[PDB]
Amino acid sequence: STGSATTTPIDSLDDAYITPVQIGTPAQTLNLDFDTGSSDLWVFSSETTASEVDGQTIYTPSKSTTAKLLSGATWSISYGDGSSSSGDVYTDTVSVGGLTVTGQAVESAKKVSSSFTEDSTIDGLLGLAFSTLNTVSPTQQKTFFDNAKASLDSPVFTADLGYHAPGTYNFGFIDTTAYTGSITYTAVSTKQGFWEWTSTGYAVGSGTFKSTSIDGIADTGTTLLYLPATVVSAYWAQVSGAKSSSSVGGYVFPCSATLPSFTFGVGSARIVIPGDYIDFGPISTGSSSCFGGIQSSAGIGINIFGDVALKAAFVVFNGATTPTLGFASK
Ligand SMILES: NCc1ccc(C(F)(F)F)cc1
Ligand SMILES: NCc1ccc(C(F)(F)F)cc1
């Protein structure tokens, strides 16, 4: 079997991408944030504290003939940005673009942090990292991808994120019409539960490529590109007037500047991020200081190839017994 669904930016800055997901019988359609950096499928629901819901579509398990409460199971998650949520667990039927999984763990939020309440466009998250990171207790649960794997034509999914435009998540097949040239595959470490890999180096604009190993994770759930301080300093040094601002919390640059591209290595291949992808607009309405899309990972503890990098490529998440990541230009 296969599945295919369109994913759409939630705002004019590509801060996140939402994908419609059908849950329950009859179907309740929610717009979820597909997150390859986490492994919980959780949703706003009829159980969520009423004051913490502001425009989201909610899952109502009592209206689903296939929902079953998972007795005694709870979940609680904290994301690297300080966001968090928690609740109880149902199993139900979940379908993504024609691909159906029965008995999927659907984690119903009882409590969500402020950053989720204020994001009216995101009804929940669909985690696509490895199931070892799932937070359900006392019985860990599998991700949508792990549950679907056996029935997929090929144990893969692909992310084709658009720049200020819709894109596609495909399950079970690789669309050879969606990219140019060849796909370059690179090894993955699952030791931390992430799609963790090693980039072979970088270049700034038309400058010389620097061969150096950068270990990081492919994370559709993170907006920006977070890289070591040395690399990020080298990039912003090429932008006139750019500086790191402690009050703003990262590199900013004059909105009138043109940004250089950023190249990262995948084996012997190169992925080029156009400079326009790195502009995240004024730091406040009306400001002439703009926020940069490449920031330092120093405070994080891990390098993150977020949407800024992934949307420049066609990305294959190969969940074979030895997992790999594939990158192609598009
Ligand atoms: N997108 C989920 C996510 C968020 C943060 C992190 C961090 F901070 F631990 F790297 C990993 C994964
Ligand atoms: N990395 C997972 C994640 C995705 C989105 C959000 C937001 F935008 F809702 F805050 C938090 C955490």
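Conventions we followed
- Residues numbered from 1 in each chain as written, not as in the entry; some residues may be left out.
- Chains lettered and ligands numbered in written order.
- Heavy atoms only, no water.
- Residues with missing side-chain atoms left out of burial classes, pairs and counts.
- Near = heavy atom within 4 Å.
- Areas by Shrake-Rupley, 256 points an atom, 1.4 Å probe, with all protein chains shown as cover.
- Nonpolar A, V, L, I, M, F, W, Y, C, P; charged D, E, K, R; others polar.
- Domains from an automatic or database assignment.
- Polar contact = N/O pair within 3.5 Å; in protein donor to acceptor, adjacent residues only side chain to side chain.
- Helix = DSSP H or I, 4+ residues; strand = E, 2+ residues; numbered from the N terminus.
- UniProt positions renumbered as here; feature names shortened; annotations may be inferred.
- Contact = heavy atoms within 4.5 Å.
- Pairing = 2+ DSSP bridges.
- Axes fitted to C-alpha atoms, helices over the stretch in contact; angles between N-to-C directions.
- Buried < 20%, exposed > 50% of the residue type's maximum accessible area, 1.4 Å probe, protein only.
- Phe/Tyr/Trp six-rings, centres within 6.5 Å; stacked < 30°, edge-to-face > 60°.

Novice: I would appreciate a short explanation of the site of ligand 1 in the present structure.
Specialist: Taken together, the residues surrounding ligand 1 are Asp35, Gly37, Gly80, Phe194, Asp219, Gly221, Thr222, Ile300, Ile302 and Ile304. Surface burial for ligand 1 is 82%, taken as the share of its 320 Å² of free accessible area covered by protein chains. For the shell around ligand 1, the class distribution of residues is four nonpolar, four polar and two charged. Viewed by domain, the shell around ligand 1 spans two of them, domain 1 (5-174) and domain 2 (175-330), each represented by three or more residues.

Novice: Where do I start with the site of ligand 2 in this structure?
Specialist: Every residue lining ligand 2 is accounted for by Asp33, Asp35, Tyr79, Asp81, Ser83, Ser115, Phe116, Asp119, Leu125 and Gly221. Contact distances for ligand 2 include 3.0 Å between a nitrogen atom and a backbone N or O atom of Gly221. Starting from 320 Å² of accessible surface for ligand 2 in isolation, the protein chains cover 83%. Among the secondary structure elements, those contributing two or more residues to the shell around ligand 2 are β3 (28-35) and α1 (114-117).

Novice: So what exactly am I meant to see when it comes to the domain arrangement of the chain here?
Specialist: The accessible area lost on association of the parts is a frequent measure of interface size. Segmentation of the chain into domains returns domain 1 (5-174) and domain 2 (175-330). Distance from the C-alpha centre of domain 1 to the C-alpha centre of domain 2: 25 Å. Elements supplying a minimum of two residues to the side of domain 1 that touches domain 2: β3, β9 (156-160) and β10 (167-171). Of the residues forming the side of domain 1 that touches domain 2, the biggest block, five residues, is contributed by β9. Looking at the side of domain 1 that touches domain 2 residue by residue, the classes come out as 18 nonpolar, six polar and five charged.

Novice: Would you mind going over the UniProt feature "active site" in the chain with me for this structure?
Specialist: Under the present numbering, the feature "active site" in UniProt falls on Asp35 and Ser199. In contact with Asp35, not counting residues within four places along its chain, are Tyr79, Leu125, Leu126, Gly127, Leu128, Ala129, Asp219, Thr220 and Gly221. Structurally, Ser199 can be placed in strand β12 (residues 196-204). One polar contact links the side chain of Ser199 to the main-chain carbonyl oxygen of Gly201, over a distance of 3.4 Å.

Novice: I tried to follow the sheet that holds strand β21 (residues 294-296) on my own but got confused; where do I start?
Specialist: Strand pairing in a sheet is mediated by backbone hydrogen bonds. Such pairs are either parallel or antiparallel. What the seven strands build is an open sheet, ordered β18-β17-β12-β13-β22-β14-β21; its pairing is mixed. The two strands at the open ends of the sheet, each matched to only one other strand, are β18 (269-273) and β21. In this sheet, neighbouring strand axes are inclined to one another by 45° on average, regardless of whether the strands run parallel or antiparallel. When strand β17 (residues 262-266) meets β18, the two strands line up antiparallel, connected through five bridges. Along β18, the bridge assignment pairs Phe262 with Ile273. Contacting β12, β13 (210-218), β14 (225-227), β17 and β21, helix α3 (residues 229-236) crosses the sheet at an angle of about 140° to β21.

Novice: Would you take a moment to explain the side chain of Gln295 for this structure?
Specialist: Structurally, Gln295 can be placed in strand β21. For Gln295, a relative accessible area of 5% corresponds to the buried category. Of note is the side chain of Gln295, whose polar atom sits 2.8 Å from the backbone nitrogen of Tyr251. Apart from the residues lying within four places of it in its own chain, the contact partners of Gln295 are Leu224, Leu225, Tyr226, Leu227, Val232, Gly250 and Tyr251.

Novice: Honestly, the pairing of strand β24 (residues 324-328) in this entry has me stumped. Any pointers?
Specialist: Two faces belong to every sheet, and in a regular strand the side chains alternate between them. Judged by how many residues are buried, β24 sits mostly within the fold: five of five residues are covered. Taking every second residue as pointing to the same face, both faces of β24 are buried, with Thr324, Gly326 and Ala328 on one and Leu325 and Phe327 on the other. Pairing analysis gives four bridges linking strand β11 (residues 184-187) to β24, with the strands arranged antiparallel. Following the sheet pairing, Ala187 is matched in β24 by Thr324. Alignment of strand β23 (residues 314-318) against β24, held across five bridges, turns out to be antiparallel. Looking at β24, one finds that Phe314 is bridged to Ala328. Between β23 and β24, which pair antiparallel one after the other, the connecting turn spans five residues.

Novice: Just checking my understanding: could you explain the sheet that holds strand β19 (residues 279-282) for this structure?
Specialist: The strand order across the open sheet built from four strands is β15-β16-β20-β19, with neighbouring strands paired in antiparallel fashion. A strand with exactly one partner marks an edge of an open sheet, and here the two such strands are β15 (243-245) and β19. Going across the sheet, the axis of each strand differs from the next one's by a mean of 40°, ignoring polarity. Of the strand pairs in this sheet, β15 and strand β16 (residues 250-254) are connected by three bridges, and their pairing is antiparallel. Residue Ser245 lies in a different strand from β16, and its bridge partner there is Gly250.

Novice: Quick question: what am I supposed to make of the packing of aromatic side chains here?
Specialist: Note on aromatic pairs: each is described by the distance of the centres and the angle between the planes. Scanning the entire structure with this criterion turns up 25 aromatic pairs. Arranged with centres 6.1 Å apart and planes meeting at 10°, the rings of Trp236 and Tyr251 form a pair that is stacked. Of the two residues, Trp236 is situated in helix α3 and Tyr251 in strand β16; the sequence distance between them amounts to 15 residues. Residue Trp236 shares its accessibility class with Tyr251, and that shared class is buried. Between the aromatic rings of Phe264 and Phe305, the centroid separation amounts to 5.4 Å while the plane-to-plane angle is 50°, which identifies the pairing as tilted.

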